[PDB]
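> let me see the structure of the following:
(7 chains, ligands or ions: 1)
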Amino acid sequence: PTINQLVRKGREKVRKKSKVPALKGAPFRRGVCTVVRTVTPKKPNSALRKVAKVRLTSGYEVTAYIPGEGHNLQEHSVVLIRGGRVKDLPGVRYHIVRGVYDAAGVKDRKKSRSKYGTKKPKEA
Amino acid sequence: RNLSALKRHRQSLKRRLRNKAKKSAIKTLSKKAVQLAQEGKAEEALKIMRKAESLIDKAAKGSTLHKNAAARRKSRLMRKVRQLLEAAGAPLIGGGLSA
Amino acid sequence: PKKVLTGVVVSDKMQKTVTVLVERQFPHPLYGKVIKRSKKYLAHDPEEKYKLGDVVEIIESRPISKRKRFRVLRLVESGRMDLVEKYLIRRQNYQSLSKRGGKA
Amino acid sequence: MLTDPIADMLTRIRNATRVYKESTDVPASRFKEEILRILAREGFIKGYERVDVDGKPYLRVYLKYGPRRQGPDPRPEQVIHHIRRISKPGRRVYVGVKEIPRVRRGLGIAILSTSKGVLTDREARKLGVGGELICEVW
Amino acid sequence: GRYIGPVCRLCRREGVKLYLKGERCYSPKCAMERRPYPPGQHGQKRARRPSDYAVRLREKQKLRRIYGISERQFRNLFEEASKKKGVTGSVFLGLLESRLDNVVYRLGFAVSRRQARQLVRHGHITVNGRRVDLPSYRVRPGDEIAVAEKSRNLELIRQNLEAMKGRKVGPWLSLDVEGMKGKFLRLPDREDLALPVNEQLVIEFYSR
Amino acid sequence: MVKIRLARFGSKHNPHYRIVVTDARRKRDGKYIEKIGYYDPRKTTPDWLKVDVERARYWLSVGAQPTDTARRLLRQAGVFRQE
RNA sequence: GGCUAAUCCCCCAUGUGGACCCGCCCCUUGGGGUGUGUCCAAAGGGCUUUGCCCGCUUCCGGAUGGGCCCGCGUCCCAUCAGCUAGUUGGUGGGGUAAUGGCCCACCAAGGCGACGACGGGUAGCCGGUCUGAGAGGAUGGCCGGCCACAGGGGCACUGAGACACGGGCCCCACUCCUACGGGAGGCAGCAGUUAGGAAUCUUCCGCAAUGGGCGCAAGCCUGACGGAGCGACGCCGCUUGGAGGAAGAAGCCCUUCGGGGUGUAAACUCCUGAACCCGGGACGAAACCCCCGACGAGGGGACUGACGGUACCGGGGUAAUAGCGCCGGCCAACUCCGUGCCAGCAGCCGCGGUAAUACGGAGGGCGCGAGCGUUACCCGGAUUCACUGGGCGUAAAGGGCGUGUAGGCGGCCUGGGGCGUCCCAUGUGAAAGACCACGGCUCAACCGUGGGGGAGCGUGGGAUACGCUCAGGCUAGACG
Ligand SMILES: [Zn+2]
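Numbering: from 1, shown residues only, chains lettered A, B, ... in the order given. You can find the structure just below:
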């Protein structure tokens, strides 16, 4: 484009679309569960994943992923969300903070404790 | 929950009245001196203007008339007079008028 | 220093007041070429002397009317409509390019 | 229409050397001459003289090259390796003295045009002036 | 947590002898003696070609681990070494060698670096007359780094200086054993350092 | 009524003042008119007070009541010594 | 309803002077001089009481602080294109400190818009700050400057100043008292309460310091402020030890079963000695005041700390926290077992269907260390909005073609002007920050002090190639 063009028109600055509607730029947000399914993977990988419906304080109905060898999230349990889409699980843009609220941390974890919300197992 | 920092209001009233009785004083006298020049009372017109010019500068002495405020007042009255007295020349006294 | 500008009287419909077209040139803040912008300042002619197509100098003055903070200083060059025409045609073109109705 | 004279000049020069001409004609002018004064003065070109080209005044710019290379394709190191109008019409770029650019770690040059004369970077900086930065040659 | 753990494990990972214990890292055993292979189950295994980062990495580490400083301070030094006029690398080393603790090492008042820090944090080190317990203290040139009057009669320091009759002191430093003192003459130059490092690799590392 | 006073600039327990000239109505830590020397309570340096009387006298001349403490410092400077 | 003082108020005289009209002289928008006429002043109190202090009045000047006004700069949408009736201008009048449609009356028909009017959306602005090689992008809390509101809207009073967060009048919504007529309230001050939320503190100390109001002063007020407390929320400093110590214990892992590994690691040897204990114990603070001296200068005397018995010095003194991420590639770190497209990991590519360096534990290893990870968000990588620094035959991209409007851009020589443009001098560009240097607190974080730099704009001076402009001349473009 000619320098004149660049003047009459100017350069269009690229706008960023937030892959996260947690309304606020809040890192987390609480919500009560509704339905807790077992969605099936995408194309390559197959298995049975644990997922949950969560109604947020911001007022958005979303699908959150629950990590760990298995949880204990009942029908109307309160939980916490951090966000991180799951490649092979479509529509799942968020995640659950394990260990906060009425959501528990995995049992028998002896590794990546920082995540999963377990606790330092007192050796003996 | 009382505050002795309301006496100011308790006092503002006294001044409100105060200023009021002075300004309205002017307004009236000016509006009196003015109607006189219409009829052509070259004697008493200046007799009243004088009572005006006095009141005015007296309000500037206090807090009533801002300062330059008084000045406007004076210019607006004398100029309004003289022009009228063109309908019937000759100022008898020559009080509030230099010539 | 009271600002002084130079321009052309483009409007002569007003009482004692004249519209002045004032052209300004300057390098663009990022693209560097010299862009030429402009503005109309309402001047103030007491004696109704300055006429259309006259180039005058403007000088910052005591406020006079809402939007008329300049008095006319002197005349620069009388007799130059060529400039005014430009102002006029651009105005005319403005009658077009809308959503009322286009024709020929 | 010819829109930019100098660019056409510079560009006649580039386009020549590339095909290795002994000389190249170019319409003449009291400025294009001043620029060419430098190219010779610096050493990018042998030189130039006024020539009557069909009644019209031209400048024969005498190109310069390097020696014949060895191995294959002995096309001689070009003396004028690079040359381009910096400032173009509709985008004139003027520069302050503190702002005159160093070229090729100082190896090339920069031809400006000051209120004091058509200059090189070195000369410009020496004179304490700056202006219309004409072109980069190196 | 300013480290403190298994030491000649690092003498091992780097392949270069790291004088971290003074005596002993001289007796058939800084471990590098007779066991140069790195730690772990995989020490005796064939080592694949180290990626560019890899080499830059270990070369940074070798330096850091030598003075035994927390990356946090190491980084900070490098940062401030870049704001100074001079060679972004040699100037680094300069400051590094300007540390109170380190100086006590070179001055010989301590068996090793580690031992030097303690000597300071327990206050056995005078500086221009006043004690000092902060090792991160940067010694300026022409400072009288000494020993605590109180600490002169020490079973340790005493046995150390006795060794200094025979060893030459860093060219940029002076010391009066007879009086357990010593000065900092000037910032030592790269040509005056013996380190087995390659500054360039350390600098390169910080531009990723 | 423009005064001449101090201004905090040290830090928590490290008070370092600024003898300055400014309108009464402004803050302590506010935009001053013309700084004229500094004062350090603790006096960590041999050079713990400076004034430049030349300017200090300008102001008082013009009309600028200084502080009780401020005046004190100016006196040490020799702002008023008519010998 | 009645009394009564005053530095409250009002009258009268004096007038240095000052105000207004009118005239003139100078200037030059409402600046200054001047003449006649007219109008305007004022409080007293205290002592060391025949003089000194405080306060009072008019006027010119100063200083500081501020009103109004102008040039330039100032986000996104054109799926917002025409907007405007006090609206634009004029005369007179009002009103103000004062210019002004600010307001009113009459007159006129204007004023703005693609150089984006109007409409919508969003957002206090800046010094600075984050990032970035830079340009640029992002930001504007803490500190500083400017602005705006002080439950929502309206209004004015008093005053140097307010349209006035803890003053007032009215309406509205809410909450509370109520004899149901009628009232009382405004923490966006400090602390705190509750609600909302992922999430943000003590109803602390002190008025010693610095500042501020009032006071002749003693002094009073001062949740301004100086301090403490709580939060690993950040940063910086500090520790959990140092030296010796096997061809190498045990246990745990690996094995080609011979051995390797954890590992100088431990144990054990000695040395030092945070914590902890006793003692001493702070600068910050010297004034106002008082005395001498002349309530001047100069000099002498007194009082007075929240922090805090804290920092800090002396002496003695125990070996005395470690965790978290990661180990398929990017990316430093590899084995066994469990498992078997399951359970699960996962930023991306992907991993897992009986041989998994990618799941889960374990040994081992790497990285960092009172921290480590995670998610969110900004800049960066991204020259992937491209000024620097991009593109359009087929990758996404030439308008279906022409016409020509506004605009952009434009040939050779000569001269004038010198607007752009370049050089010089000068004012400005507060402070804090950044930078360099010196110093302060055992270091550093933090802080002080000094130096240097700068774009932008104002004024003055200069240059004239190149752009612009005016003039004159040409013929190579164009046209005939
Ligand atoms: Zn060793």
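> just give the number of residues close to the residue in chain B that chain C sits nearest to.
Using C-beta to the nearest C-beta, the closest approach of chain B to chain C is made by residue B:68 at 17.1 Å. Quick note: C-beta positions are derived from backbone N, CA and C, even for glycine. Counted by other C-beta atoms under 10 Å in any protein chain shown, the residues lying close to residue B:68 total 9.
> from the ion, how far off is it?
93 Å (C-beta to the ion, to the nearest Å).
> again, but for residue C:45
Taking C-beta to the ion, one finds residue C:45 at 97 Å from the ion.
> if I look at that residue, how far off is RNA strand G?
Residue C:45 sits 9 Å away from RNA strand G, going by C-beta to the nearest atom of the strand, to the nearest Å.
> residues contacting that residue?
Listed by C-beta atoms under 8 Å, 6 or more residues apart in numbering or on different chains, the contact set of residue C:45 reads C:16-18, C:72.
> ok, now residue F:17?
F:6-10, F:38-41.
> partners of it in the sheet?
residue F:39 (DSSP bridges).
> quick one: the longest helix along chain E to chain centroid distance?
Longest helix of chain E, by residue count under DSSP state H: helix E:52-67. Chain-centre distance of helix E:52-67: 15 Å, with C-alpha atoms, centre = their mean, to the nearest Å.
> CA-only coordinates of it in PDB, if you can.
What follows is helix E:52-67, C-alpha atoms only, in PDB (Å, rounded to 0.1, in the frame of the first residue of the first chain):
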ATOM      1  CA  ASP E  52      23.700 -26.000  22.200                       C
ATOM      2  CA  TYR E  53      21.600 -25.100  25.200                       C
ATOM      3  CA  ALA E  54      22.900 -28.100  27.100                       C
ATOM      4  CA  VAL E  55      26.500 -26.900  26.800                       C
ATOM      5  CA  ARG E  56      25.700 -23.300  27.500                       C
ATOM      6  CA  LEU E  57      23.800 -24.700  30.500                       C
ATOM      7  CA  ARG E  58      26.500 -26.800  32.200                       C
ATOM      8  CA  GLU E  59      29.100 -24.100  31.500                       C
ATOM      9  CA  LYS E  60      26.800 -21.600  33.300                       C
ATOM     10  CA  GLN E  61      26.400 -24.100  36.100                       C
ATOM     11  CA  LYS E  62      30.100 -24.900  36.500                       C
ATOM     12  CA  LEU E  63      30.600 -21.200  37.200                       C
ATOM     13  CA  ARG E  64      27.700 -20.800  39.500                       C
ATOM     14  CA  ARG E  65      28.300 -24.000  41.500                       C
ATOM     15  CA  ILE E  66      31.900 -23.000  41.900                       C
ATOM     16  CA  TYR E  67      31.200 -20.000  44.100                       C
END
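> now the contacts of residue F:17: which count as buried?
F:6-7, F:38-40 (16 or more other C-beta atoms under 10 Å in any protein chain shown).
> thinking again about what came up before, what's the first helix or strand after the longest helix of chain E?
Downstream of helix E:52-67, the next assigned helix or strand under DSSP states H and E is helix E:71-82.
> show me what the residue minimising distance to the centre of chain C is bridged to.
Residue closest to the average C-alpha location in chain C (C-alpha atoms, centre = their mean): residue C:21, at 1.5 Å. Judged by DSSP bridges, the bridge partners of residue C:21 are residue C:8, residue C:40.
> now do the buried residues in the longest helix of chain E.
For helix E:52-67, by 16+ other C-beta under 10 Å, it's E:56, E:58-67.
> all the strands of chain F, residue numbers only.
Secondary structure of chain F by DSSP state E: the strands cover F:2-5, F:17-23, F:34-39.
> nearest to the ion, out of these?
Proximity to the ion, assessed across the strands of chain F by C-beta to the ion, is greatest for strand F:34-39 (54.3 Å).
> that closest one versus strand F:17-23: what angle between them?
150 degrees (axes from the mean of the first three to the mean of the last three C-alpha atoms, to 10 degrees).
> who does strand F:34-39 touch, helix- and strand-wise?
Judged by 3 or more C-beta pairs under 8 Å, 6 or more residues apart in numbering or on different chains; DSSP states H and E, strand F:34-39 is in contact with strand F:17-23, helix F:53-62.
> I'd like those as a markdown table, with distance to residue D:54 appended.
Formatted as a markdown table, the helices and strands packed on strand F:34-39 follow (distance: least, C-beta to C-beta, whole Å):
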| stretch | distance to residue D:54 |
| --- | --- |
| strand F:17-23 | 81 |
| helix F:53-62 | 79 |
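> name the nearest residue to the closest residue to chain D within chain C, sequence neighbours excluded.
When scored by C-beta to the nearest C-beta, chain C has residue C:33 as its residue closest to chain D, at 4.8 Å. Nearest residue to residue C:33, sequence neighbours excluded (C-beta to C-beta, 6 or more residues apart in numbering or on different chains): residue D:91, at 4.8 Å.
> and residue A:93, by the same measure?
Using C-beta to C-beta, 6+ apart, the closest residue to residue A:93 is residue A:85 (4.8 Å).
> let me see the contact set for that neighbour.
A:19, A:92-94.
> can you rerun that using 7 Å?
Counting by C-beta atoms under 7 Å, 6 or more residues apart in numbering or on different chains, residue A:85 makes contact with A:19, A:92-93.
> any of the residues you listed buried? List them.
The buried subset of these (16+ other C-beta under 10 Å) comprises A:92-93.
> nearest to RNA strand G, of the contacts of residue A:85?
residue A:19 (6.5 Å; C-beta to the nearest atom of the strand).
> host element of the closest one?
Counting by DSSP H and E, residue A:19 is part of no helix or strand.
> mind listing the strands for chain A?
Using DSSP E, strands in chain A cover A:29-33, A:38-39, A:49-56, A:61-65, A:78-81, A:94-95.
> what lies in contact with the last one?
Read it as strand A:94-95. A:62, A:64-65, A:81-84.
> just the buried ones out of the residues you listed, please.
Here, 16+ other C-beta under 10 Å leaves A:62, A:64-65, A:81-83 buried among these.
> these: which two are farthest apart?
By the measure C-beta to C-beta, A:62 and A:82 form the most distant pair in these, at 12.3 Å.
> what sits against residue F:18?
F:6-7, F:9, F:35, F:38.
> show me the contacts for the residue nearest to the centre of chain C.
Contacts of residue C:21 by C-beta under 7 Å, 6+ apart are C:7-8, C:10, C:38, C:40, C:87.
> out of those residues, who's nearest residue D:123?
For these, the nearest to residue D:123 is residue C:38 (38.9 Å; C-beta to C-beta).
> how about that closest one, secondary structure?
strand (DSSP: H, G, I helix; E, B strand; the rest coil).
> was I right to think it contacts residue C:26?
No - using C-beta atoms under 7 Å as the test, residue C:38 is too far from residue C:26 to be in contact (11.5 Å).
> not counting sequence-adjacent ones, nearest residue to residue B:84?
Nearest non-adjacent residue to residue B:84 (C-beta to C-beta, 6+ apart): residue B:37, at 3.6 Å.
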